[PDB]
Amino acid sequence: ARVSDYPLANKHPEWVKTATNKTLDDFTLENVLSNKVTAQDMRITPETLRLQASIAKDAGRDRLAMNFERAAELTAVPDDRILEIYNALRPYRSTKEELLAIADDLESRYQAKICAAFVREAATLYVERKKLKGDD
């Protein structure tokens, strides 16, 4: 997609589906009050994030695009596990082995190849820069 395709809400709203494959139009007050859509339905998809990544690159924002491609991989990870991995990346929380198993989990279980590599990169540098459990 190009910048002429943006905003998706206005140019191509039909490109936007939800995790459970609902449409933008499915989210009405009537459907909310009767639990025909719930919060589990109302979550952005990897396809939508990858479209925005395409638009960002076309806007000349390659780094924003890489953020969005990471985010696409992370839609598959449940909320609880997102917070676990974030915490495990904060200083002195993790052993190197614990970080590397997070990376293998991301890759093996969620196909989050970019995020897994991002975590392995952190684990390597956390050794040299002494940010692992027990380095404080």
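The first residue of the sequence shown is number 1, and the count goes up from there.
Enquirer: Comparing 115 to 123 with 18 to 26, which has the greater mean CA B-factor as deposited?
Expert: On average, C-alpha B-factors are higher across 18 to 26.
Enquirer: Taking the recorded C-alpha temperature factors, which stretch has the higher mean, 89 to 97 or 32 to 40?
Expert: Per the deposited B-factors, the answer is 32 to 40.
Enquirer: What third of the chain, by the recorded C-alpha B-factor, contains residue 132?
Expert: Tercile = highest for this residue's CA B-factor.
Enquirer: Place residue 70 in the lowest, middle or highest third of its chain's C-alpha B-factors, as listed in the PDB entry.
Expert: It belongs to the lowest third of the chain when residues are ordered by C-alpha B-factor.
Enquirer: What third of the chain, by the recorded C-alpha B-factor, contains residue 63?
Expert: Tercile = lowest for this residue's CA B-factor.
Enquirer: Among the chain's modelled residues, which third holds the C-alpha B-factor of residue 57?
Expert: Its C-alpha B-factor belongs to the lowest third of this chain's values.
Enquirer: Comparing residue 50 with the other modelled residues of its chain, is its CA B-factor in the lowest, middle or highest third?
Expert: Within its chain, residue 50 is a lowest-third residue by C-alpha B-factor, going by the deposited values.
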